[PDB]
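One file, work-v3.cif, carrying mmCIF, C-alpha atoms and all ligand atoms:
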data_run
loop_
_atom_site.label_atom_id
_atom_site.label_comp_id
_atom_site.auth_asym_id
_atom_site.auth_seq_id
_atom_site.Cartn_x
_atom_site.Cartn_y
_atom_site.Cartn_z
CA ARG A 5 88.89 27.84 7.65
CA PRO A 6 85.09 27.41 7.46
CA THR A 7 82.66 30.33 7.76
CA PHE A 8 81.46 30.97 11.31
CA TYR A 9 78.16 32.45 12.47
CA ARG A 10 77.36 34.00 15.85
CA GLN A 11 74.28 33.80 18.06
CA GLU A 12 73.19 34.12 21.69
CA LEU A 13 71.67 31.22 23.64
CA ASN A 14 70.97 31.54 27.38
CA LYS A 15 73.43 34.40 28.10
CA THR A 16 76.18 32.46 26.32
CA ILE A 17 77.67 33.38 22.94
CA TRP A 18 77.99 30.61 20.34
CA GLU A 19 80.26 31.11 17.34
CA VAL A 20 80.25 27.92 15.30
CA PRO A 21 80.91 26.86 11.67
CA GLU A 22 77.87 27.16 9.40
CA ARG A 23 77.92 23.38 8.95
CA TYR A 24 76.30 23.07 12.41
CA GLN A 25 72.67 24.15 12.38
CA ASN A 26 69.70 24.51 14.70
CA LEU A 27 71.61 24.70 17.98
CA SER A 28 69.39 23.96 20.95
CA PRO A 29 70.53 24.08 24.62
CA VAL A 30 70.20 20.72 26.38
CA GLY A 31 72.05 21.14 29.67
CA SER A 32 75.26 21.39 31.67
CA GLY A 33 78.06 19.12 30.47
CA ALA A 34 80.35 19.59 33.49
CA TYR A 35 82.32 22.86 33.24
CA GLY A 36 80.63 23.62 29.93
CA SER A 37 77.45 24.56 28.08
CA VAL A 38 75.92 22.02 25.70
CA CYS A 39 73.75 22.37 22.60
CA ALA A 40 72.17 19.69 20.45
CA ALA A 41 72.71 20.53 16.74
CA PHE A 42 72.48 19.15 13.20
CA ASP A 43 75.69 18.44 11.32
CA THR A 44 74.82 19.29 7.71
CA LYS A 45 78.08 17.71 6.53
CA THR A 46 77.42 14.19 7.84
CA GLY A 47 73.67 14.37 8.42
CA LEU A 48 74.10 13.37 12.08
CA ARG A 49 72.62 14.94 15.20
CA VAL A 50 75.53 16.10 17.37
CA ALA A 51 76.18 17.58 20.78
CA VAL A 52 78.41 20.68 20.87
CA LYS A 53 80.08 21.70 24.13
CA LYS A 54 81.57 25.16 24.63
CA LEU A 55 84.18 25.17 27.41
CA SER A 56 83.47 27.83 30.03
CA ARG A 57 86.37 30.27 30.68
CA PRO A 58 88.97 27.77 29.41
CA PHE A 59 91.92 29.94 30.39
CA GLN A 60 90.61 31.76 33.51
CA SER A 61 93.40 30.33 35.65
CA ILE A 62 96.20 27.77 35.59
CA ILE A 63 93.71 25.15 36.86
CA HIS A 64 91.21 25.91 34.09
CA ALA A 65 93.93 26.04 31.41
CA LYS A 66 95.35 22.69 32.46
CA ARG A 67 91.85 21.19 32.69
CA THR A 68 91.03 22.45 29.20
CA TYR A 69 94.15 20.76 27.85
CA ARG A 70 93.42 17.64 29.84
CA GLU A 71 89.89 17.33 28.48
CA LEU A 72 90.95 17.93 24.88
CA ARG A 73 93.78 15.36 25.18
CA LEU A 74 91.43 12.76 26.71
CA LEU A 75 88.70 13.31 24.10
CA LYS A 76 91.19 13.11 21.20
CA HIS A 77 92.50 9.83 22.57
CA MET A 78 89.21 8.01 23.20
CA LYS A 79 88.09 5.91 20.22
CA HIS A 80 85.61 3.32 21.53
CA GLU A 81 81.91 2.59 21.04
CA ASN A 82 81.11 3.04 24.73
CA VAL A 83 83.20 6.14 25.41
CA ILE A 84 82.44 9.70 24.32
CA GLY A 85 84.89 10.62 21.56
CA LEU A 86 85.45 13.51 19.16
CA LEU A 87 83.84 14.21 15.80
CA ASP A 88 85.31 17.72 15.65
CA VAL A 89 87.02 20.42 17.73
CA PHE A 90 87.15 24.08 16.73
CA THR A 91 87.60 27.69 17.72
CA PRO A 92 86.51 30.85 15.89
CA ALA A 93 90.01 32.24 16.55
CA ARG A 94 92.29 32.68 13.53
CA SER A 95 95.49 32.84 15.63
CA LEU A 96 97.05 31.74 18.93
CA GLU A 97 97.01 35.27 20.35
CA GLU A 98 93.29 35.43 19.52
CA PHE A 99 92.56 31.89 20.81
CA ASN A 100 90.17 32.07 23.79
CA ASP A 101 87.31 29.62 23.15
CA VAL A 102 87.18 25.86 22.61
CA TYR A 103 84.20 23.96 21.16
CA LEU A 104 83.99 20.14 21.15
CA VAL A 105 81.52 18.03 19.21
CA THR A 106 80.38 14.42 19.55
CA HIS A 107 77.45 12.22 18.46
CA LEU A 108 74.24 13.20 20.27
CA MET A 109 72.94 10.46 22.57
CA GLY A 110 69.95 12.32 23.96
CA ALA A 111 69.53 11.04 27.49
CA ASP A 112 71.38 9.80 30.55
CA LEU A 113 70.93 6.73 32.78
CA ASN A 114 68.77 8.73 35.20
CA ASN A 115 66.32 9.46 32.36
CA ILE A 116 65.97 5.66 32.09
CA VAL A 117 65.68 4.84 35.82
CA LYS A 118 63.16 7.40 37.11
CA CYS A 119 59.67 5.82 37.17
CA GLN A 120 60.93 3.06 34.87
CA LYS A 121 61.51 -0.61 35.70
CA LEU A 122 64.20 -2.08 33.44
CA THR A 123 64.27 -5.83 32.86
CA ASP A 124 67.21 -7.98 33.99
CA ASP A 125 67.97 -8.27 30.27
CA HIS A 126 68.26 -4.49 30.04
CA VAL A 127 70.50 -4.33 33.12
CA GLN A 128 72.83 -6.91 31.59
CA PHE A 129 73.18 -4.83 28.42
CA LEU A 130 73.65 -1.44 30.12
CA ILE A 131 76.18 -2.65 32.70
CA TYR A 132 77.91 -4.73 30.01
CA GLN A 133 78.40 -1.52 28.02
CA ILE A 134 79.74 0.44 30.99
CA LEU A 135 82.23 -2.33 31.71
CA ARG A 136 83.34 -2.60 28.07
CA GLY A 137 83.96 1.15 28.10
CA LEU A 138 85.78 0.94 31.44
CA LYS A 139 88.03 -1.86 30.25
CA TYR A 140 89.15 0.44 27.47
CA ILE A 141 89.58 3.55 29.65
CA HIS A 142 91.41 1.53 32.34
CA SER A 143 93.79 0.03 29.80
CA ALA A 144 95.00 3.58 29.10
CA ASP A 145 95.81 4.03 32.82
CA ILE A 146 92.91 6.45 33.19
CA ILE A 147 90.50 6.33 36.14
CA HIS A 148 87.08 7.95 35.71
CA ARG A 149 86.65 8.75 39.44
CA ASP A 150 83.13 10.14 39.13
CA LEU A 151 80.98 7.50 37.47
CA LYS A 152 77.28 8.12 38.10
CA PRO A 153 73.98 7.80 36.13
CA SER A 154 74.24 11.43 34.95
CA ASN A 155 77.63 10.71 33.30
CA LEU A 156 76.25 7.74 31.33
CA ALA A 157 74.71 8.89 28.05
CA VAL A 158 72.20 6.54 26.47
CA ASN A 159 70.43 6.77 23.10
CA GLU A 160 67.09 5.36 21.88
CA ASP A 161 68.72 2.04 20.97
CA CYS A 162 69.83 1.65 24.61
CA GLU A 163 73.42 2.15 23.45
CA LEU A 164 75.63 3.70 26.11
CA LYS A 165 78.70 5.92 26.29
CA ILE A 166 80.73 7.11 29.26
CA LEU A 167 81.15 10.87 29.49
CA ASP A 168 83.25 13.19 31.67
CA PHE A 169 85.98 10.57 32.35
CA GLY A 170 89.38 11.44 33.81
CA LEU A 171 88.29 15.00 34.61
CA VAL A 183 71.69 13.05 41.99
CA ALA A 184 74.47 13.56 44.54
CA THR A 185 77.95 12.55 43.37
CA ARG A 186 78.84 11.10 46.78
CA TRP A 187 76.30 8.25 46.42
CA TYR A 188 78.47 6.36 43.93
CA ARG A 189 81.89 7.08 45.42
CA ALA A 190 84.15 4.27 46.65
CA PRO A 191 84.55 4.14 50.48
CA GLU A 192 88.35 4.61 50.25
CA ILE A 193 87.68 8.00 48.60
CA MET A 194 85.30 8.96 51.42
CA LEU A 195 88.24 8.08 53.71
CA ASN A 196 90.54 10.39 51.69
CA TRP A 197 93.02 7.66 50.69
CA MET A 198 95.40 9.03 48.04
CA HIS A 199 96.53 5.65 46.70
CA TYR A 200 93.20 4.34 45.38
CA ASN A 201 93.26 2.17 42.25
CA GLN A 202 91.04 1.77 39.17
CA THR A 203 88.50 -0.33 41.08
CA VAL A 204 87.09 2.88 42.54
CA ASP A 205 85.22 2.85 39.19
CA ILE A 206 84.06 -0.75 39.68
CA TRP A 207 82.56 0.29 43.03
CA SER A 208 80.56 2.94 41.20
CA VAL A 209 79.34 0.42 38.60
CA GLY A 210 78.22 -1.80 41.46
CA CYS A 211 76.20 1.05 42.98
CA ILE A 212 74.70 1.83 39.57
CA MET A 213 73.81 -1.81 38.82
CA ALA A 214 72.20 -2.23 42.25
CA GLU A 215 70.13 0.91 41.59
CA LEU A 216 68.96 -0.31 38.17
CA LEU A 217 67.87 -3.59 39.75
CA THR A 218 66.11 -2.16 42.82
CA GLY A 219 64.80 1.23 41.74
CA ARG A 220 66.52 3.05 44.60
CA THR A 221 69.90 4.56 45.44
CA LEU A 222 72.00 1.88 47.16
CA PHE A 223 73.86 4.34 49.45
CA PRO A 224 72.12 7.76 49.66
CA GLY A 225 74.51 9.45 52.09
CA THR A 226 73.85 12.99 53.34
CA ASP A 227 77.60 13.72 53.71
CA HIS A 228 81.00 11.95 53.75
CA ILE A 229 80.38 10.54 57.23
CA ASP A 230 76.83 9.30 56.55
CA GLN A 231 77.99 7.88 53.20
CA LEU A 232 80.69 5.79 54.86
CA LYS A 233 78.25 4.56 57.50
CA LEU A 234 75.68 3.41 54.94
CA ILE A 235 78.41 1.62 52.96
CA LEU A 236 79.77 -0.23 56.00
CA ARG A 237 76.27 -1.41 56.99
CA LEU A 238 76.12 -3.48 53.79
CA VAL A 239 79.75 -4.54 53.28
CA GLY A 240 80.76 -4.70 56.95
CA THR A 241 83.39 -2.72 58.81
CA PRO A 242 87.01 -3.49 57.77
CA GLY A 243 88.38 -6.95 58.47
CA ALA A 244 91.86 -7.46 59.95
CA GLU A 245 93.63 -7.72 56.58
CA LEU A 246 92.18 -4.38 55.41
CA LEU A 247 92.76 -2.62 58.74
CA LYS A 248 96.46 -3.50 58.40
CA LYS A 249 96.65 -1.38 55.25
CA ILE A 250 95.37 1.88 56.77
CA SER A 251 98.30 4.23 57.45
CA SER A 252 96.32 7.13 58.95
CA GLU A 253 96.02 7.13 62.74
CA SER A 254 92.98 9.41 62.53
CA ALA A 255 91.27 7.12 59.99
CA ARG A 256 91.90 4.01 62.10
CA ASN A 257 90.57 5.75 65.22
CA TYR A 258 87.34 6.70 63.53
CA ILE A 259 86.81 3.37 61.73
CA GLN A 260 87.80 1.16 64.67
CA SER A 261 85.64 3.21 67.04
CA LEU A 262 82.55 2.41 64.98
CA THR A 263 80.36 -0.47 66.17
CA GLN A 264 81.63 -3.50 64.21
CA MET A 265 79.23 -4.66 61.50
CA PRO A 266 79.36 -7.95 59.57
CA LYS A 267 79.20 -8.12 55.78
CA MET A 268 75.54 -8.73 54.84
CA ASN A 269 74.33 -11.72 52.82
CA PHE A 270 73.52 -9.87 49.53
CA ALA A 271 71.37 -12.82 48.42
CA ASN A 272 68.97 -11.59 51.10
CA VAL A 273 69.53 -7.86 50.54
CA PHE A 274 68.79 -8.21 46.81
CA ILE A 275 66.22 -11.02 47.32
CA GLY A 276 64.49 -11.55 43.97
CA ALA A 277 67.22 -10.41 41.59
CA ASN A 278 68.92 -12.80 39.14
CA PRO A 279 71.36 -14.83 41.32
CA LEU A 280 74.07 -14.18 38.70
CA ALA A 281 73.54 -10.42 39.18
CA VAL A 282 73.84 -10.85 42.95
CA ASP A 283 77.08 -12.79 42.50
CA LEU A 284 78.58 -10.04 40.36
CA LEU A 285 77.38 -7.35 42.81
CA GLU A 286 79.22 -9.18 45.61
CA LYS A 287 82.44 -9.18 43.56
CA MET A 288 82.19 -5.46 42.66
CA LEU A 289 81.26 -4.24 46.14
CA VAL A 290 83.98 -6.04 48.12
CA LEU A 291 85.15 -3.48 50.69
CA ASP A 292 88.92 -3.96 50.29
CA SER A 293 89.68 -2.45 46.87
CA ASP A 294 92.54 -4.93 46.34
CA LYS A 295 89.98 -7.78 46.19
CA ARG A 296 87.45 -6.15 43.83
CA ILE A 297 86.88 -7.52 40.37
CA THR A 298 88.46 -5.61 37.45
CA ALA A 299 86.54 -4.41 34.40
CA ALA A 300 88.18 -7.11 32.25
CA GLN A 301 87.33 -9.86 34.74
CA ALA A 302 83.78 -8.58 35.11
CA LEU A 303 83.16 -8.81 31.36
CA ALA A 304 83.91 -12.54 31.56
CA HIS A 305 81.39 -13.07 34.41
CA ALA A 306 78.49 -15.40 33.62
CA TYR A 307 75.94 -12.59 34.02
CA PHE A 308 77.06 -11.22 30.62
CA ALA A 309 77.03 -14.55 28.76
CA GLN A 310 74.74 -13.34 25.95
CA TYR A 311 76.89 -10.25 25.31
CA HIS A 312 80.51 -11.15 26.11
CA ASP A 313 83.03 -11.51 23.27
CA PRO A 314 86.78 -11.37 24.11
CA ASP A 315 87.58 -10.52 20.49
CA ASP A 316 85.32 -7.44 20.53
CA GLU A 317 86.27 -5.77 23.85
CA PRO A 318 89.23 -3.60 22.69
CA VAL A 319 92.04 -2.07 24.73
CA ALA A 320 93.28 1.51 24.16
CA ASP A 321 96.51 2.71 22.61
CA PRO A 322 99.00 4.09 25.19
CA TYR A 323 98.05 7.51 26.63
CA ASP A 324 100.72 10.03 27.71
CA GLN A 325 99.71 11.51 31.08
CA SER A 326 103.14 12.95 31.89
CA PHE A 327 101.76 16.50 31.53
CA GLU A 328 99.78 15.89 34.72
CA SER A 329 102.97 16.29 36.76
CA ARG A 330 104.00 19.50 35.00
CA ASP A 331 103.60 23.06 36.31
CA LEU A 332 103.38 25.41 33.34
CA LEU A 333 102.22 28.98 32.78
CA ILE A 334 98.70 29.69 31.52
CA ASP A 335 100.02 30.77 28.12
CA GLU A 336 101.90 27.51 27.84
CA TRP A 337 98.82 25.36 28.54
CA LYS A 338 96.96 27.58 26.08
CA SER A 339 99.55 27.07 23.32
CA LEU A 340 99.59 23.30 23.90
CA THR A 341 95.79 23.26 23.60
CA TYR A 342 95.94 25.33 20.41
CA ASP A 343 98.44 22.84 18.96
CA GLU A 344 96.00 20.03 19.77
CA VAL A 345 93.05 21.83 18.15
CA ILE A 346 95.08 22.32 14.94
CA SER A 347 96.44 18.77 14.75
CA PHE A 348 92.99 17.18 15.11
CA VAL A 349 92.08 14.67 12.41
CA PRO A 350 88.38 13.69 12.31
CA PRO A 351 87.31 10.00 12.02
CA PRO A 352 87.10 10.27 8.19
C1 LIG B 401 73.17 13.31 28.83
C2 LIG B 401 72.19 14.13 27.97
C3 LIG B 401 70.87 14.12 28.40
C4 LIG B 401 69.88 14.67 27.60
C5 LIG B 401 70.18 15.26 26.35
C6 LIG B 401 69.06 15.84 25.52
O1 LIG B 401 69.23 16.06 24.32
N1 LIG B 401 67.87 16.09 26.11
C7 LIG B 401 67.33 17.45 26.34
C8 LIG B 401 67.56 17.91 27.79
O2 LIG B 401 67.50 16.80 28.69
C9 LIG B 401 71.51 15.28 25.94
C10 LIG B 401 72.52 14.72 26.72
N2 LIG B 401 73.88 14.77 26.24
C11 LIG B 401 74.84 15.71 26.93
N3 LIG B 401 76.07 15.79 26.55
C12 LIG B 401 76.57 15.10 25.58
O3 LIG B 401 77.89 15.27 25.28
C13 LIG B 401 78.68 16.39 25.87
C14 LIG B 401 79.95 16.47 25.04
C15 LIG B 401 81.08 15.76 25.44
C16 LIG B 401 82.22 15.79 24.67
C17 LIG B 401 82.24 16.52 23.48
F1 LIG B 401 83.35 16.52 22.73
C18 LIG B 401 81.13 17.25 23.08
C19 LIG B 401 79.98 17.22 23.86
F2 LIG B 401 78.89 17.91 23.47
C20 LIG B 401 75.82 14.19 24.85
CL1 LIG B 401 76.50 13.27 23.56
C21 LIG B 401 74.35 14.00 25.19
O4 LIG B 401 73.65 13.19 24.54
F1 LIG B 402 86.54 2.60 56.49
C1 LIG B 402 87.23 2.19 55.41
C2 LIG B 402 88.47 1.59 55.57
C3 LIG B 402 89.19 1.15 54.46
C4 LIG B 402 88.67 1.31 53.14
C5 LIG B 402 89.39 0.85 52.02
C6 LIG B 402 88.78 0.06 51.01
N1 LIG B 402 89.72 -0.33 50.10
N2 LIG B 402 90.92 0.17 50.47
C7 LIG B 402 90.78 0.93 51.65
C8 LIG B 402 91.90 1.62 52.23
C9 LIG B 402 91.78 2.84 52.96
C10 LIG B 402 92.96 3.45 53.48
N3 LIG B 402 94.16 2.92 53.29
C11 LIG B 402 94.32 1.78 52.61
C12 LIG B 402 93.21 1.10 52.06
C13 LIG B 402 87.41 1.93 53.01
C14 LIG B 402 86.69 2.37 54.12
#
Written as structure tokens, how would this file's structure read?
Ligand SMILES: Cc1ccc(C(=O)NCCO)cc1-n1cnc(OCc2ccc(F)cc2F)c(Cl)c1=O
Ligand SMILES: Fc1ccc(-c2c[nH]nc2-c2ccncc2)cc1
Amino acid sequence: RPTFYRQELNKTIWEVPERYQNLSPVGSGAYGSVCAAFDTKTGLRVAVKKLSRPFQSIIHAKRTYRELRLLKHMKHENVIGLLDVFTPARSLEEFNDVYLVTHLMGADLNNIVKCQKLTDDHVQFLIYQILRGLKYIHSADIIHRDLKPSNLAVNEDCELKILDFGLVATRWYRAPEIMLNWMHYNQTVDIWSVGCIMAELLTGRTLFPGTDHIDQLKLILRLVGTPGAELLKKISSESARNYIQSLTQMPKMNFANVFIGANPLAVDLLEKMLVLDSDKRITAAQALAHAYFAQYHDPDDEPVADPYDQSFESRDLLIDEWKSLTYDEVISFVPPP
């Protein structure tokens, strides 16, 4: 066990191994506090995330386990992975804090969009990276569900990694079927989000800036049209059909006209990602092969993930049990070296 050192940063206590120096708060990492730091052992700048109240309730305990399991599984260039995981606790009974560390990226997609006009060439590279990461995540039967600019970390080399997977209004990038509360959505809910993100990078404005679930749905339908007959046939909810069918019917817009001066190849891809009926949307794998990514696409360098065991998701355990499982995972961790 390494030697730990304690300090206080913004009301939060940080007890980390001496190997990590110069901790500096950067922001909220979704249910956790994050500090940029220097890893004296590797010489790399890293981000360290301290989970907040990891075992406060059964929900928190299961979420803590879930996050650790997901991070230990992800080993891809465009997906946040783990360099180290630790706790200052010397025993299970004492175990009450979890710290996760990854390579520091330093910015998010929003820090690249605001008052900044990216070239079509840049959009190709950024979206290519998101899709390469999604192909990997999706191959593990994991759905991100909340893809947005703030969950896309980007470094100075314009390299990108997806963070907060499987765990700036969030509603703006949500698939319409989610706004409708459909419980049987598929992985293309993530493709919808990519489409909203790509459109935003090309235009400089949020594609669908809804003020609530209702407004969000309305803005989406104005562009992609209200449901056609084939899609309407798939809606089981009487209440959903009443609301949707009572709306003034709207045709799908042209897209070539909506996105006027954008690369026609980008418009074509946008049409395939933003198809209303989720069963007709392009997959991450198919998108990678689209002509828009010709200068980046390589089928031999777009890896799939090893199988991921999500069976625990259906289990109802006690807090102490989720805690013990998480402790087991912290101890069995083997760093990249
Ligand atoms: C998205 C962002 C924006 C700006 C800055 C930043 O340094 N700027 C200062 C304030 O904006 C840092 C970040 N930023 C935030 N979280 C990051 O990772 C969180 C994280 C996830 C999993 C782990 F296992 C360990 C972690 F720690 C990274 Cl890897 C990052 O890069
Ligand atoms: F207004 C609507 C109606 C339907 C969708 C929708 C898009 N893809 N799949 C569905 C869907 C919704 C409910 N049940 C089955 C499919 C979205 C918004």
**Prompt:** Closest to ligand LIG 402 (chain B) among A:292, A:168, A:328, A:163, using only C-alpha atoms and all ligand atoms?
**Reply:** A:292
**Request:** Name the closest residue to ligand LIG 402 (chain B) among the candidates A:93, A:229, A:306, A:213; distances are taken between atoms, counting all atoms listed in the file.
**Result:**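 Looking at the shortest contact to ligand LIG 402 (chain B), the residue is A:229.
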**Message:** For a test of reading the model, state the distance in Å between atom CA of residue 264 of chain A and atom CA of residue 240 of chain A, rounded to one decimal.
**Reply:**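 Between atom CA of residue 264 of chain A and atom CA of residue 240 of chain A the gap is 7.4 Å.
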If I wrap all listed atoms of segment 142-152 of chain A in a box with edges along x, y and z and add 4 Å on each side, what are its centre and edge lengths in Å to one decimal, as lines of an AutoDock Vina configuration file?
center_x = 86.5
center_y = 5.1
center_z = 34.3
size_x = 26.5
size_y = 18.1
size_z = 18.3
Do you have, as a tab-separated table, the list of residues of chain A lying at most 7 Å from ligand LIG 401 (chain B), each with its nearest atom pair and that distance in Å to one decimal, counting all atoms listed in the file and ordered by chain then number?
residue	atom	partner	partner_atom	distance
A:30	CA	B:LIG401	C8	4.1
A:31	CA	B:LIG401	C8	5.8
A:33	CA	B:LIG401	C13	5.4
A:38	CA	B:LIG401	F2	5.5
A:39	CA	B:LIG401	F2	6.9
A:40	CA	B:LIG401	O1	6.1
A:50	CA	B:LIG401	CL1	6.9
A:51	CA	B:LIG401	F2	3.8
A:52	CA	B:LIG401	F2	3.8
A:53	CA	B:LIG401	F2	4.0
A:75	CA	B:LIG401	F1	6.4
A:84	CA	B:LIG401	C16	6.1
A:85	CA	B:LIG401	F1	6.2
A:86	CA	B:LIG401	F1	5.1
A:104	CA	B:LIG401	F1	4.0
A:105	CA	B:LIG401	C18	4.0
A:106	CA	B:LIG401	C18	4.6
A:107	CA	B:LIG401	CL1	5.3
A:108	CA	B:LIG401	CL1	4.0
A:109	CA	B:LIG401	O4	3.4
A:110	CA	B:LIG401	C5	3.8
A:111	CA	B:LIG401	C3	3.5
A:112	CA	B:LIG401	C1	4.3
A:154	CA	B:LIG401	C1	6.5
A:155	CA	B:LIG401	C1	6.8
A:156	CA	B:LIG401	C1	6.8
A:157	CA	B:LIG401	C1	4.7
A:167	CA	B:LIG401	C15	6.3
